[PDB]
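Notes to accompany the following structure.
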Amino acid sequence: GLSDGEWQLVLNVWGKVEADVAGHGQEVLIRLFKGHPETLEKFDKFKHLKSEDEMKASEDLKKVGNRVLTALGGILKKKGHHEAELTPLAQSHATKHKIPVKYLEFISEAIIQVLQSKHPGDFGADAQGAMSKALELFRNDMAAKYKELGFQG
Ligand code: HEM
């Protein structure tokens, strides 16, 4: 759905994230929890945290942040051929976590906001476009495996 040029702009900015996956991960989560507080409710381990300072101090949030961006970089580096990587993820998010597709949308946004903020020189207009389409592709594939797992997304 993305051209090669677009994969290139995606892998270029991912190279900046690769240096600090956990600190990036922790920042995406705080942005999501602040923007859409309803999403904090899905994480048992730290749904009690009320503020940013508490959030920044949680070792658990960081670790989870880490897991989440690690898995995502892995998908992105496949350039669209990520069936094997997405299967396990659709399976736990549709059964265990029960993450609605609107929630994958909010985190997408959150992702784009952090990149914009940290790496504007590696995230111009075209890159922003490419990243949005790559995340859309990911949500569309997630949604297709959720249907099959009988999870109304
Ligand atoms: C970019 C999209 C996401 C990716 C790539 C991702 C990836 C992961 C991975 C790899 C794990 C660990 C193993 C597993 O449980 O599958 C995980 C855990 C989890 N994810 Fe997702 N995730 C994403 C989005 C979300 C969103 C938006 C939510 C809720 C709003 C969510 C809720 C959870 C929860 C509740 C867990 C269990 C965490 C715990 O151990 O306490 N995820 N995620």
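As shown in the structure tokens, the chain order sets the letters A, B, ...; within each chain, residues go from 1, and ligands are also counted from 1 in the order they appear.
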Produce a table with one row for each residue of chain A that has an atom at most 9 Å from any atom of ligand 1, each row naming the nearest atom pair and its distance in Å at one decimal; use only C-alpha atoms and all ligand atoms; arrange rows by chain and rising residue number; format as a tab-separated table.
```
residue	atom	partner	partner_atom_place_in_ligand_line	distance
A:29	CA	ligand 1	27 (C)	8.6
A:32	CA	ligand 1	30 (C)	7.9
A:33	CA	ligand 1	30 (C)	8.4
A:36	CA	ligand 1	30 (C)	8.9
A:38	CA	ligand 1	30 (C)	8.1
A:39	CA	ligand 1	30 (C)	4.4
A:40	CA	ligand 1	30 (C)	6.6
A:41	CA	ligand 1	30 (C)	7.9
A:42	CA	ligand 1	35 (C)	4.8
A:43	CA	ligand 1	35 (C)	4.3
A:44	CA	ligand 1	41 (O)	6.0
A:45	CA	ligand 1	41 (O)	5.4
A:46	CA	ligand 1	41 (O)	7.9
A:60	CA	ligand 1	41 (O)	7.7
A:61	CA	ligand 1	41 (O)	8.2
A:63	CA	ligand 1	40 (O)	8.8
A:64	CA	ligand 1	38 (C)	6.1
A:65	CA	ligand 1	43 (N)	8.3
A:66	CA	ligand 1	10 (C)	8.8
A:67	CA	ligand 1	10 (C)	5.1
A:68	CA	ligand 1	7 (C)	3.9
A:69	CA	ligand 1	5 (C)	6.1
A:70	CA	ligand 1	10 (C)	7.2
A:71	CA	ligand 1	10 (C)	5.0
A:72	CA	ligand 1	5 (C)	4.3
A:73	CA	ligand 1	5 (C)	8.1
A:74	CA	ligand 1	5 (C)	8.8
A:75	CA	ligand 1	5 (C)	8.0
A:86	CA	ligand 1	5 (C)	8.4
A:88	CA	ligand 1	16 (O)	6.8
A:89	CA	ligand 1	16 (O)	5.0
A:90	CA	ligand 1	16 (O)	7.8
A:91	CA	ligand 1	16 (O)	7.7
A:92	CA	ligand 1	16 (O)	5.0
A:93	CA	ligand 1	16 (O)	6.3
A:96	CA	ligand 1	15 (O)	7.5
A:97	CA	ligand 1	35 (C)	5.1
A:98	CA	ligand 1	32 (C)	7.8
A:99	CA	ligand 1	29 (C)	5.7
A:100	CA	ligand 1	30 (C)	7.9
A:101	CA	ligand 1	27 (C)	8.2
A:102	CA	ligand 1	27 (C)	8.4
A:103	CA	ligand 1	27 (C)	4.7
A:104	CA	ligand 1	27 (C)	4.6
A:105	CA	ligand 1	27 (C)	7.6
A:106	CA	ligand 1	27 (C)	7.0
A:107	CA	ligand 1	27 (C)	5.2
A:108	CA	ligand 1	1 (C)	6.6
A:111	CA	ligand 1	1 (C)	8.2
A:135	CA	ligand 1	1 (C)	8.0
A:138	CA	ligand 1	2 (C)	8.4
A:139	CA	ligand 1	2 (C)	8.2
```
Between CA of residue 116 in chain A and CA of residue 50 in chain A, what distance in Å does the model show, to one decimal?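 Taking CA of residue 116 in chain A and CA of residue 50 in chain A, their separation equals 25.9 Å.
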Pick from A:141, A:124, A:115, A:55: nearest to residue 85 in chain A, with only C-alpha atoms counted?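 So, comparing all the options, the nearest one is A:141.
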Quote the spacing between CA of residue 28 in chain A and CA of residue 140 in chain A in Å to one decimal place.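 Interatomic distance here is 20.5 Å.
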Selected residue, from A:3, A:62, A:94, A:9, that lies nearest to residue 128 in chain A when counting only C-alpha atoms: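 Closest candidate: A:9.
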Considering only C-alpha atoms, can you say which of A:81, A:5, A:56, A:151 comes closest to residue 25 in chain A? A:56
Name the residues of chain A that come out as alpha helix (DSSP H) in a backbone DSSP run; write them as an NGL selection string. :A and (4-17 or 21-35 or 52-57 or 59-76 or 83-95 or 101-118 or 125-148)
With C-alpha atoms retained, write the just-selected residues as a JSON list (two decimals), in the first residue's frame.
```
[["chain", "number", "residue", "atom", "x", "y", "z"],
["A", 4, "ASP", "CA", 9.53, 1.64, -1.44],
["A", 5, "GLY", "CA", 10.17, 5.42, -0.92],
["A", 6, "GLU", "CA", 7.55, 5.34, 1.83],
["A", 7, "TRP", "CA", 9.09, 2.19, 3.51],
["A", 8, "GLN", "CA", 12.44, 4.05, 3.41],
["A", 9, "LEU", "CA", 11.02, 7.11, 5.20],
["A", 10, "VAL", "CA", 9.50, 4.71, 7.80],
["A", 11, "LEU", "CA", 12.75, 2.73, 8.42],
["A", 12, "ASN", "CA", 14.75, 6.00, 8.52],
["A", 13, "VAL", "CA", 12.81, 7.40, 11.44],
["A", 14, "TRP", "CA", 12.67, 3.91, 13.12],
["A", 15, "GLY", "CA", 16.53, 4.02, 13.25],
["A", 16, "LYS", "CA", 16.15, 6.92, 15.82],
["A", 17, "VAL", "CA", 13.73, 4.90, 17.94],
["A", 21, "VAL", "CA", 13.14, 1.68, 22.46],
["A", 22, "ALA", "CA", 12.08, 1.74, 26.15],
["A", 23, "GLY", "CA", 12.27, 5.54, 26.59],
["A", 24, "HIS", "CA", 10.33, 5.93, 23.34],
["A", 25, "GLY", "CA", 7.78, 3.26, 24.49],
["A", 26, "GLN", "CA", 7.25, 4.95, 27.85],
["A", 27, "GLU", "CA", 6.63, 8.28, 26.03],
["A", 28, "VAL", "CA", 4.08, 6.76, 23.59],
["A", 29, "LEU", "CA", 2.12, 5.29, 26.56],
["A", 30, "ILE", "CA", 2.05, 8.50, 28.60],
["A", 31, "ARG", "CA", 0.79, 10.36, 25.52],
["A", 32, "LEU", "CA", -1.99, 7.76, 25.04],
["A", 33, "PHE", "CA", -3.01, 7.72, 28.74],
["A", 34, "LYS", "CA", -3.09, 11.54, 28.81],
["A", 35, "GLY", "CA", -5.01, 11.92, 25.57],
["A", 52, "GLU", "CA", 2.44, 11.92, 34.66],
["A", 53, "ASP", "CA", 4.97, 11.93, 37.44],
["A", 54, "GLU", "CA", 3.64, 8.60, 38.69],
["A", 55, "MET", "CA", 3.65, 7.34, 35.09],
["A", 56, "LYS", "CA", 7.23, 8.46, 34.53],
["A", 57, "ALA", "CA", 8.22, 6.73, 37.74],
["A", 59, "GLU", "CA", 9.16, 0.62, 35.92],
["A", 60, "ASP", "CA", 6.24, -1.53, 34.71],
["A", 61, "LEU", "CA", 4.95, 1.06, 32.29],
["A", 62, "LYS", "CA", 8.45, 1.41, 30.85],
["A", 63, "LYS", "CA", 8.91, -2.32, 30.37],
["A", 64, "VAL", "CA", 5.51, -2.65, 28.71],
["A", 65, "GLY", "CA", 6.40, 0.41, 26.53],
["A", 66, "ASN", "CA", 9.50, -1.50, 25.60],
["A", 67, "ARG", "CA", 7.55, -4.64, 24.59],
["A", 68, "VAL", "CA", 5.07, -2.71, 22.57],
["A", 69, "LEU", "CA", 7.58, -0.67, 20.42],
["A", 70, "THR", "CA", 9.84, -3.73, 20.03],
["A", 71, "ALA", "CA", 7.00, -5.75, 18.56],
["A", 72, "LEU", "CA", 5.99, -2.84, 16.33],
["A", 73, "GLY", "CA", 9.49, -2.18, 14.89],
["A", 74, "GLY", "CA", 9.60, -5.85, 14.06],
["A", 75, "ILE", "CA", 6.40, -5.57, 12.05],
["A", 76, "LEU", "CA", 7.47, -2.35, 10.23],
["A", 83, "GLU", "CA", 1.69, -12.15, 8.88],
["A", 84, "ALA", "CA", 3.91, -14.32, 11.12],
["A", 85, "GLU", "CA", 4.63, -11.40, 13.43],
["A", 86, "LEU", "CA", 1.06, -10.17, 13.56],
["A", 87, "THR", "CA", -0.62, -13.51, 14.25],
["A", 88, "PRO", "CA", 0.56, -13.85, 17.90],
["A", 89, "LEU", "CA", -0.33, -10.21, 18.56],
["A", 90, "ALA", "CA", -3.87, -10.34, 17.13],
["A", 91, "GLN", "CA", -4.34, -13.56, 19.09],
["A", 92, "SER", "CA", -3.57, -12.07, 22.55],
["A", 93, "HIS", "CA", -5.13, -8.64, 21.88],
["A", 94, "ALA", "CA", -8.39, -10.28, 20.74],
["A", 95, "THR", "CA", -8.60, -12.86, 23.56],
["A", 101, "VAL", "CA", -9.45, -1.17, 16.97],
["A", 102, "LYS", "CA", -10.34, 2.43, 18.09],
["A", 103, "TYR", "CA", -7.54, 1.99, 20.76],
["A", 104, "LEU", "CA", -5.00, 0.89, 18.09],
["A", 105, "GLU", "CA", -5.93, 4.17, 16.29],
["A", 106, "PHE", "CA", -5.25, 6.39, 19.34],
["A", 107, "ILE", "CA", -1.84, 4.71, 19.94],
["A", 108, "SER", "CA", -1.01, 5.29, 16.20],
["A", 109, "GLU", "CA", -1.54, 8.99, 16.68],
["A", 110, "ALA", "CA", 0.37, 9.03, 19.89],
["A", 111, "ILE", "CA", 3.26, 7.35, 17.97],
["A", 112, "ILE", "CA", 3.23, 9.98, 15.26],
["A", 113, "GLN", "CA", 3.19, 12.82, 17.88],
["A", 114, "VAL", "CA", 6.24, 11.53, 19.73],
["A", 115, "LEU", "CA", 8.26, 11.09, 16.50],
["A", 116, "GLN", "CA", 7.31, 14.60, 15.37],
["A", 117, "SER", "CA", 8.44, 15.93, 18.71],
["A", 118, "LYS", "CA", 11.68, 14.07, 19.09],
["A", 125, "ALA", "CA", 5.74, 15.86, 5.87],
["A", 126, "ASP", "CA", 6.29, 12.77, 3.57],
["A", 127, "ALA", "CA", 7.58, 10.68, 6.46],
["A", 128, "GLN", "CA", 4.52, 11.64, 8.55],
["A", 129, "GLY", "CA", 2.28, 10.47, 5.64],
["A", 130, "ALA", "CA", 4.15, 7.15, 5.20],
["A", 131, "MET", "CA", 4.10, 6.40, 8.93],
["A", 132, "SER", "CA", 0.29, 7.04, 8.99],
["A", 133, "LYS", "CA", -0.30, 4.68, 6.08],
["A", 134, "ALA", "CA", 1.99, 1.92, 7.61],
["A", 135, "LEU", "CA", 0.08, 2.08, 10.95],
["A", 136, "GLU", "CA", -3.26, 2.01, 9.05],
["A", 137, "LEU", "CA", -2.10, -1.12, 7.21],
["A", 138, "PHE", "CA", -1.20, -2.65, 10.61],
["A", 139, "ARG", "CA", -4.65, -1.76, 12.14],
["A", 140, "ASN", "CA", -6.45, -3.06, 9.00],
["A", 141, "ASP", "CA", -4.51, -6.37, 9.29],
["A", 142, "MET", "CA", -5.19, -6.56, 13.01],
["A", 143, "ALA", "CA", -8.92, -5.95, 12.38],
["A", 144, "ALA", "CA", -8.95, -8.70, 9.70],
["A", 145, "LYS", "CA", -7.49, -11.28, 12.22],
["A", 146, "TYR", "CA", -9.87, -10.02, 14.97],
["A", 147, "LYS", "CA", -12.92, -10.86, 12.72],
["A", 148, "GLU", "CA", -11.61, -14.39, 12.28]]
```
One number please: CA of residue 19 in chain A to CA of residue 122 in chain A, in Å, one decimal. 14.0 Å
